[PDB]
Every structure is written in structure tokens, then in C-alpha cells.
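Student:
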Ligand SMILES: [Zn+2]
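Written out as C-alpha cells, the structure reads:
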């Protein structure tokens, strides 16, 4: 009875439009002379918010996008549940999140269609959103979902977040090939540059060098030839071994 | 259980020392999309190529070619009316709603 | 008494799967890196990060090179890093350098 | 915890009798005919005067409200029987959602004139339907119906014979116990509990997760392909250390050239001769290469 | 590339996005658990992902290398190194508008800072706790008033 | 040190003169109490609760002593205090120098091969942004900071504009709270 006169409801959408439904400018200069004369709080309040105001106004990008019905995805691989041996497997759960959703848009979607006291839909809907969010992060809002053992679960969010900040990531040193680590002695017989040399050391290590060398004195075949002979460990080795040295 | 084993993945692992050349010649589809798109779907040197094709747009795409086969194939789901010719006699229905005709036709 | 030329590598973070059969393959520190800095051998480090770190490629790749002993496959790109991006996007994150 | 806000929220609903519907359906349903014969009207047009349309389509509004309306005045039940089967499967709600369905379904499924707490009926659909539901979105990789079927059956068994055995059975003791090969049960459980996420960190601190400490058997050697093509093309070279045809002859002899073995007539077909003629020269030039220097030249490729 | 300004920054439109994803899917699903082989709409249209196997149109059909750059009339997929999976990208699609957390979830999340509105509430919108004025007459409620 | 870096406040806070003129000390109940005749003179900057522990200072022409004429940066008592003031009253010029010495100085306590720069080097640091007191018309929330060098840089933008009456100021900036100041997002992102 009346209705004809407007639109009143909820959801982005409506809102969304409210994005649409908007001018900077208006708001802009608005807050402009706002602060220009009135002041404080309010001003400060505005003022500030006038910030972001410009934030857009400025660049040619719309808050519009802030709404959501298209969405991307993790490519495969990324969320892998590769077989844990012993007939076992493990992946990016979360995927679940996806799922879940899938179950939903598929679901309350698949509802649609039918139609009913929405509530229902609302219920999910939001429920979705939520669940999504969860995607974003978990109990960040409310009760964080937690796998059995109430194990809460890794959010979007995470990643370069938490210790595993691919941030943090790099800044950490790590183990790598050919780790000359051992005790030591001087060697009176010394000359700068000079230094110890437990041989069977990179002896062991160096190898790949000659490994291409070697059969250059065609005395192995491939390298498995040599190599495998690296297992043989053969007086010859000590030699051009020398060279590479 | 701290003690590294190897889980186990899935999927081959070519030594397919790649080149580029000499390969298999191809061909293309480009089918038209609802919107109009032509997600141009190349193909091997030869083969059948569809009439349509579900678009990377998740939608689908009939030929990029004015070929143009058929659309039909759909079919209805159930109606609660269908559930009526189900568990109900029409002329009963017929009336019942007719009775209604009385009712709101009654005031 | 150990080091490690190579061997196993975290089926995840394929780093030197250290172990019995393995020499572990010593981990490395961050200061250190800073030392570099105090020089800047870049590469070097970088390299590491790439190389013996877990440069799947050059590992393979220059590993070859090596194998073929030649003006080594010059240092490439933080790759993975590449991922990122993706990783970002991921959240409507798209941007870019130019 | 919305639902709470729901639940309550939903409690806004207003329960009712068990006969309003008697009509209502008579209503409503009277609607289904309303559009129905209505639809006839539309088809011929032949529209009855405005009033006919208001009291009709309007009365269609009757059936609408009255139904939904009641449906609502039934969810509290929905709602109810829903509550309990938790601690397993799906979002309490979502769960519901599917309950709502078995509703929905059974909903439009009940001849009231039959005289039944249909709701109770629906309690198929209701129950069942969702029962399926679990039989639906249970696993991230679920299981073929039958399998689980006999499974639930099984693990149920498990309880049976630990609980009752005062201690869990023993495979064999079960396979026979349940009358099969224990291997069977094994694979079952293998189907039971999923093989864990990985996303769980490494059990502890824990500063790694699951994976952290594994490296698949499947493992890039550094010398394969490597050689392999060293091989491989190195071969090809050798593949030229003699004549000609003998290629596709032999390359085809395993499709080696085109990646697909064949038949003496398949190839020689090309040269036109005889499987005879084919494998004759074939195995011969083998002998050629069956020769050793033919070999060691590629032997370490062994 | 070697020659990189800095990294100008922003988001993306569903376009982009949609303009990006190798399609989407729709099946809380993945592979055959048993045969061990993924699905479609369920996680892992390798087709829109890539094999797990180097140049091998999932309809097996091919697996060579001269086979390459190829579209699969059969299993639609192409031909090469899965990995590009990972490297590919897929999207998601809703049944209605939705929101990004922050300026909502944030704190003090903009949205108000973006709109100057009853956050707490507002939310209520997104959490649908009470409608609000998404349009207005002034005309009928004008003149007609 | 440490805080001597992070420049919070000396628990051994020590009063520090201001203008000059003489001084009307007046100790007591440990809490001394004093009042320096500003050379202005007139209104004397006064101090009261001045526990005897941190008893008076000295100054050669030696020992602290009331009545005497007074000094500007003149640290009142023995002990440490708020360089934040020294600036706030004198800018870093010494301060800097202060600091510095205060640090070497420490190494002095250790006697070590030391050179200054390091700090210098620093120095350049915690002083780099001025505050953001009064945009006047630069529309930058008060209190806030800016690369000084900006604002300035900014300012120029002033170009009249109505003489963009932006107000910011000298600014210590605590290594951490420091550091916060930056630009490479992704950095603090790592933070
Ligand atoms: Zn295929």
C-alpha cells in the first residue's frame, strides 16, 4: 500500500546501486566546505572520510566492484591433496570452502528457481557470504570453523600471513647443497687465500665438475659410468680431481 | 608420524624433451556464444568439430559458423499440478476450484 | 662429518631433504645474507635462493649447463614469486609494476 | 550464531491445527486449478470479467499465502526433527536446507483427503531425503552408495564387536565375522576417515604441517632426460649410422617415429612387400646393430 | 622481463576475473577416488587445468609431443604439462551480489568511511537484519502527497 | 642505550634549563624545588618535587648552586632527560651531537674503535618526518607526521594556494614507531 514510491530493502544490490546511487563531488566539495567552515570531530570525522572520498574521486576506479557475484579460484596443484602414501591424501581443505559454496550456490541457487519464503534463501545467502568470508578468514567473524579436533582452518588471509608469510618466507636462510661444515685447524704453513682441505669432502662434492670432465679423458662412459665409479672411488679420481682443484 | 616417507602424487612425467616444429598441424572452431562470442576453438590438423560448445564463459557456444543445427531436447520437471493429476482427480479439482467460484464469487 | 652435494628435497618445499642417507645439507642463516649485503654478491645469494635453495630448473637447468659446462644459464627470475600474483588476484588483488 | 537468531527468528512462525489445510489444499490446490483452467482462459483468452480475475488470481493469492503460510506453520516441526542428527555431515542449517527439500518434495506430495499427518509422511523425504543428504555431501570425495551402505553397516559392526567384544574385533575376525575377506574391510576403512588433510600443521610445534617431511618416490632424477635425450637423439645419430627406409621401417616398427607401433604389413605396407619382407630385413639390420660396436656406441645407455 | 616500473596497485573487476578464469565449475567434487581421476564442475577439469601428464588429451587419445597445441574434440583438453594447471586460473560465480569483508569487516572499516552509515547495522543489511531506503519517491509523495 | 636509541625517557630523567637569568633553587623533602630567574627575566621556569637522590648538579663555576644565573640547554641536574626537549627547545643540532657522544661515550666506557657515522648515518634517522600539526589548508589530519622533507616538498605545492598553512614540526621517531614510517607497503606488510 504505496510502495510505488521508492525501493527499500537490504543487501549490497540495493546497496551496490547505492554505489551507483552516488556522486563523489557532491560528497566531495560537500565535505570540502564542510571542513572549510564547520569543524572538528564531525569535520575530523568527515574530513578523514573525505580522505577515501578523494581516494576514489582521484583515481578512475569504482567502489562499485566492492560487491560480489563473480569470483575467481585457486588453480589446481595449488590446493593439492596428493596421495599421502599408505593410501593417504591431503590438500587445501578450504577447497572445502569452495565446495561448501558449490553446495550452496548450487543449493539456494538451485532453490531460486523454485521460490519460497526466501528467508530460507536469506538464511543461506548470508550463510553463504559468511562461509565465503570464512574463505576470506574464519572466526575472524564469530565462531571460527575448526576441523575435527576443533582444528580451526587456514583462511585465505593466511599465506604470506602467519610465519609462512612468503614475506617471512624468504627472510629465513635455509639448507642447500654442498654444506662445508666441520671442525677445523689452522695450518702454520699458511698463505692467505690458503685453507684446509679434507678432500673426500667436496672431493665428494666437487665431482659434478669432472663429472662433466672425466670421460673427457674417455675413461668412463656416460657419467653413471664415472659417477657410479664415483662409487668406485678410483685413484684416477684423485688425479684430474687435481685439475678441477 | 615424523619420519619422511613419500606420499605419492598422480600424473605422468614426460621426458618429452620439447622442440617446436614438425608437430601435428591443426585447425579451429570458434563457436558463437549467447552474447555472440566466438571462443575460437582451434583443433588438430583435422577432426569433427561440434555445433556448439560450452564457453570458457562457462556458458556454451554454438559454431562460429552459420551452420546452425537444432535446439530442441528440453523437457518439463514435475508440477505440483503434475502432482495433482498425480494424487487428485481433476473434475474433483474442477469443482473444488468451482466451489471456490462460489466462495470468493459469493462475498 | 657432513655437508651434502644434493639428494632429497622437501616434496613440498623441496629443500634439501636432510637425513641419514642425506648429509642433511646444512641450512643457512640470514645475517649471512646480510654479509653478502656488506658486499652485495647478489647473484650469489640470489642464485642460492634459486640454486641449492630449490631452483627446480637451474637445478635441473644449469645442472645441465654444468653437464654441458658453459656460460651458465644466467640467473633467471624469482619464478614462484611469479605465483604471488596469482596468489594475489586470488583476492581481486590485481595490480602491476610496469 | 545467527541460527540462534534464526531458530528464534524462525520461531516467529505460528503453528496451527490439522484441517485448515483440508480446505487450504482445497484452497491453494484450488489454485493449481486456478492457473490451470485459468491457463485455459488465457489460451483462448476469453477472459472473464475483471471480478472473475481478481477473485481468481487473487484466490491464487489465497492458495499461496495459505500454503506457504502453513508450510511455515510446519517448519517448527521441520526444525524439530532436524535437530539431533548433528555432530556429523553438514551445516546444521544446510542439513536443514535439504530437510526443507524433503519437505518441498513431500510437501507438494500429499493428498490431504487421504487423512494423514502428512508432515509425518513427508518425514520420509524429511528424514530419508536428507538421510540421502548425508548420502550426498558427506565426503569431499564421497563414496558409491552401495559401498557406504554396507559400510555404515560395517563400522556399525565395528561398534558391535568392540563394544560387545569388550574390545574391538580383529580384521579376519571381522571379514569372516561379517563374512568376507578382511582385505575388504581394510579398503572400506581406507574409504572411511579421509586420509587427513594436509592443511593441518605438523602434529606439534609443529612449525611444519603435514607434508613438510615427505618426498614422493616419483622423483626427478638429474641425468635422465638429461641423458635420455643424450641417449635418444644420440641414438637418432646412431639411427643414421646406417641406411634409410629402415627408419619408418623401425621408428614405425614401434611408431618410434610417429609414436605408435604397427604391423609388418602396417609399415612395409608403405614399401609394399611382405611381413616376410618386413621383419626379415628388420631383424636383420637388428643383427647389424645386434653387432657390438653398434652397441657400446650406445651401451652405457644401458 | 628485467625492466619493471614499480608495481601499481588495485583490485579487479569480475570481468578481468571472468575475463580470466578458464571457466568455472559446479560440483563439490574432484576425481575418481578410485581410478584416481579428476572431474568437471568438481575440482579438476584438468581440461581447464591441464593434464597431470605431459601432452595427453585426457581422452588419452594423444600423449606425444608432435601432438601439441591441440584441442580435444574428445576430452576437449589440450596437450602438454599440467603444472600450467596451477598456472591456469579458474573463477567462481554467485547467485547474487556480495561483499568484501574489509570496509565492512574492517575496523574501522570504511563503508561507513565509505558511506558514513550505521556499520553495526548496515551489516544488518548484509546480514539482513532490517531493510532500508534503497529508493525514494518525493513526487507522488510530492504533488500526490 | 637501546632506549637511548628509542629515546623514550630517562628513568634518570634530569631537569634541563631553558632561557637563562639566575635561579631560585629551593630543595627539601628530597623533592628539592627551584625557580630560575629567567634572564628575560621575570617569569621563572620552576621545579619542585626534586628528590634529593637525584640531588643537585654541578657546573664549572662548578657544583650546582641556587641564586646563580642560569642557562638555556643547561641541563638542570645531574642525570639524563628528554632530548625530545633539546630539540623541542634547540633542535637537534647538538642533541644529535648529544646523543652521539652519549653513545660513543658509552663505548668510551668500553674504549673501542668507533666512528660516529653509524649514528650520523642514524641521526639522519629518527629525525626525518615533521609532525602534521595544522594543515591550515594542507588538509592533513593534525598530530600526524610527514616526511618533513615532504611537507616541505609538499609545501612548495603551496604555490600560494592561499599559502597552504600546513603545520608540522621536528619529530623524533622511535626506531620501531620510526621504521613504521616508510612507503614500501609490502614492507610493513611484512609487519
Ligand atoms: Zn583425451
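Residue numbers (my numbering), protein chains in the order written: chain A, 20 to 264; chain B, 29 to 135; chain C, 3 to 100; chain D, 215 to 516; chain E, 1245 to 1389; chain F, 6 to 196. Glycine is no exception: its CB is placed at the ideal position from the N, C-alpha and C atoms.
Which first and last residues belong to the beta strand (DSSP E) in which residue 1380/E is found?
Tutor: Here residue 1380/E refers to the residue found at position 136 of the fifth chain. Note, residue 1380/E: premise wrong, no beta strand (DSSP E); not H, not E.
Student: Can you tell me the Cβ-Cβ gap for residue 413/D and residue 174/A, rounded? I've got them flagged as a contact below 8 Å.
Tutor: Stepping through the fourth chain from its first residue, residue 413/D is reached at position 199. Stepping through the first chain from its first residue, residue 174/A is reached at position 155. Contact doesn't hold; Cβ gap of about 11 Å is too wide.
Student: Of the choices 1281/E, 1370/E, 1377/E, whose alpha-carbon is the least far from that of residue 1341/E?
Tutor: Taking the first residue of the fifth chain as position 1, residue 1341/E is located at position 97. Of the listed residues, the one whose Cα sits closest to residue 1341/E is 1370/E.
Student: Measure how close the beta-carbons of residue 1249/E and residue 1270/E come, nearest whole angstrom, since I'm counting them as under 8 Å.
Tutor: The count along the fifth chain starts at 1 and reaches residue 1249/E at position 5. The count along the fifth chain starts at 1 and reaches residue 1270/E at position 26. About 39 Å; that fails the 8 Å criterion.
Student: Is any heavy atom in ligand 1 found nearer than 8 Å to the beta carbon of residue 1289/E?
Tutor: On the fifth chain, position 45 is the one that residue 1289/E refers to. Incorrect: residue 1289/E has no Cβ contact closer than 8 Å to ligand 1.
Student: Could you give the first and the last residue of the continuous beta strand (DSSP E) run that contains residue 41/F?
Tutor: The residue given as residue 41/F occupies position 36 in the sixth chain. That run of the beta strand (DSSP E) goes 39-41.
Student: Please name the residue or residues paired with residue 171/A in a DSSP beta bridge.
Tutor: Position 152 of the first chain, counted from the start, is the residue given in the question as residue 171/A. In DSSP, residue 171/A forms a bridge with 165/A.
Student: Taking CB distances under 9 Å as the criterion, tell me whether residue 35/B reaches chain G.
Tutor: The chain labelled as chain G is not found among the protein chains of the depicted structure, namely A, B, C, D, E and F.
Student: My guess is that residue 406/D and residue 396/D are in contact by the Cβ rule of under 8 Å, so how many angstroms apart are they, rounded?
Tutor: Locating residue 406/D in the fourth chain gives position 192, where the first residue counts as 1. Locating residue 396/D in the fourth chain gives position 182, where the first residue counts as 1. About 14 Å separates the two Cβ atoms, so there is no contact after all.
Student: Do three or more CB pairs link the region 225-239 of chain A to the region 100-116 of chain B at distances below 8 Å?
Tutor: Flag = no, the region 225-239 of chain A and the region 100-116 of chain B do not touch.
Student: Relative to the C-alpha of residue 179/F, which residue among 158/F, 129/F, 167/F, 171/F is closest?
Tutor: As a working mapping, residue 179/F is identified with position 174 in the sixth chain. The option with the nearest alpha carbon to residue 179/F is 129/F.
Student: Going by C-alpha to C-alpha distance, which of 196/F, 146/F, 74/F sits closest to residue 64/F?
Tutor: To locate residue 64/F, count along the sixth chain from 1; it is residue 59. It is 74/F.
Student: Taking the alpha-carbon positions, what's the residue 149/A to residue 85/A distance?
Tutor: Position 130 of the first chain, counted from the start, is the residue given in the question as residue 149/A. Position 66 of the first chain, counted from the start, is the residue given in the question as residue 85/A. Answer to the nearest angstrom: the Cα atoms are 16 Å apart.
Student: Residue 267/D and residue 128/B: beta carbons closer than 9 Å?
Tutor: For this step, residue 267/D is matched to residue 53 along the fourth chain. For this step, residue 128/B is matched to residue 100 along the second chain. No, these two residues do not count as a Cβ contact at 9 Å.
Student: Looking only at DSSP bridge pairs, what is residue 102/A linked to?
Tutor: For the purposes of this step, residue 102/A is taken as the residue at position 83 of the first chain. In the DSSP output, where bridge partners are listed per residue, residue 102/A has 108/A.
Student: So with Cβ pairs under 9 Å, would you call residue 249/D a contact of chain A?
Tutor: The count along the fourth chain starts at 1 and reaches residue 249/D at position 35. By this cut-off, residue 249/D is not an interface position.
Student: For the region 53-94 of chain A, which segments carrying the alpha helix (DSSP H) assignment without a break, of at least 4 residues, lie completely within its bounds, in sequence order?
Tutor: Listed in chain order, the complete alpha helix (DSSP H) runs (minimum 4 residues) inside the region 53-94 of chain A are 61-77.
Student: Should residue 1301/E be counted as a contact of ligand 1 given a C-beta to heavy atom distance under 8 Å?
Tutor: The sequence position of residue 1301/E within the fifth chain is 57, counting from 1. Residue 1301/E Cβ: within cutoff of ligand 1.
Student: Report yes or no: is there a C-beta of chain A within less than 9 Å of the C-beta of residue 42/C?
Tutor: Sequence index remark: in the third chain, residue 42/C carries index 40 (1-based). It does not: the Cβ of residue 42/C has no partner Cβ on chain A nearer than 9 Å.
Student: Which of the three DSSP states is assigned to residue 31/A in this structure?
Tutor: Within the first chain, residue 31/A is the residue found at index 12, counting from 1. The answer is coil: DSSP assigns residue 31/A none of H, G, I, E or B.
Student: Return no unless some Cβ of chain B is closer than 9 Å to the Cβ of residue 109/A.
Tutor: In the first chain, residue 109/A corresponds to position 90, counting from 1. It does; some Cβ of chain B falls within 9 Å.
Student: Closer than 9 Å, CB to CB, is residue 69/C near chain A or not?
Tutor: Taking the third chain and counting its residues from 1, the one referred to as residue 69/C is at position 67. Taking Cβ atoms only, chain A reaches closer than 9 Å to residue 69/C, which makes this a yes.
Student: Excluding the five sequence neighbours on either side, which residues of its own chain have a C-beta within less than 8 Å of the C-beta of residue 1290/E, listed in chain order?
Tutor: As a first step, residue 1290/E is located in the fifth chain; it is residue number 46 there, counting from the start. Answer for residue 1290/E: 1282, 1296, 1302, 1321, 1326, 1329, listed in chain order.
Student: At which residues does the beta strand (DSSP E) containing residue 1365/E begin and terminate?
Tutor: For the purposes of this step, residue 1365/E is taken as residue 121 along the fifth chain, with counting starting at 1. Note, residue 1365/E: premise wrong, no beta strand (DSSP E); alpha helix (DSSP H) at 1364-1367.
Student: Would you kindly work out how many angstroms separate the C-alpha atoms of residue 348/D and residue 181/A, rounded to a whole number?
Tutor: As a working mapping, residue 348/D is identified with position 134 in the fourth chain. As a working mapping, residue 181/A is identified with position 162 in the first chain. If I take the Cα positions, the gap works out to 35 Å.
Student: How many whole angstroms separate the CB atoms of residue 173/F and residue 138/F, which I take to be in contact at a CB cut-off of 8 Å?
Tutor: Mapped onto the sixth chain, residue 173/F falls at position 168. Mapped onto the sixth chain, residue 138/F falls at position 133. Correct: roughly 6 Å between the Cβ atoms.
Student: Within 10 angstroms of its Cβ, does residue 231/D collect 16 or more other Cβ (buried), or is it exposed?
Tutor: Within the fourth chain, residue 231/D is the residue found at index 17, counting from 1. Burial call: exposed.
Student: Going by the CB atoms, is the gap between residue 428/D and residue 34/B shorter than 9 Å?
Tutor: As a working note, residue 34/B is residue 6 in the second chain. As a working note, residue 428/D is residue 214 in the fourth chain. Yes, they are a contact pair.
Student: Taking only heavy atoms of ligand 1 into account, decide whether any of them is closer than 8 Å to the Cβ of residue 1304/E.
Tutor: In the fifth chain, residue 1304/E corresponds to position 60, counting from 1. Yes, ligand 1 has a heavy atom inside 8 Å of this Cβ.
Student: What's the call for residue 159/F, buried or exposed, on a 16-neighbour Cβ count within 10 Å?
Tutor: Counted from its first residue, the sixth chain places residue 159/F at position 154. Buried: at least 16 other Cβ atoms inside 10 Å.
Student: Residues of chain B with CB closer than 7 Å to the CB of residue 1280/E, please, in chain order.
Tutor: If you number the fifth chain from 1, residue 1280/E lands on position 36. Per Cβ cutoff of 7 Å: 38.
Student: Report the neighbours of residue 1297/E on chain B: residues whose CB is nearer than 8 Å to its CB, in chain order.
Tutor: For the purposes of this step, residue 1297/E is identified with residue 53 of the fifth chain, where counting begins at 1. Result: 39, 40, 41, 42.
Student: With DSSP run on the structure shown, which of helix, strand or coil describes residue 423/D?
Tutor: Here residue 423/D refers to the residue found at position 209 of the fourth chain. Here residue 423/D sits in strand by DSSP.
Student: Quick one: what does DSSP say residue 447/D is sitting in, helix, strand or coil?
Tutor: By 1-based counting over the fourth chain, the position of residue 447/D is 233. Three-state result, residue 447/D: helix.
Student: What is the rounded straight-line gap between the Cα of residue 499/D and the Cα of residue 471/D?
Tutor: Position 285 of the fourth chain, counting from 1, holds the residue named residue 499/D. Position 257 of the fourth chain, counting from 1, holds the residue named residue 471/D. Those two C-alpha atoms are separated by around 17 Å.
Student: Looking at the strands, I want to know which residues DSSP matches up with residue 85/F.
Tutor: As a first step, residue 85/F must be located in the sixth chain, where it is residue number 80. Paired residue(s): 18/F.
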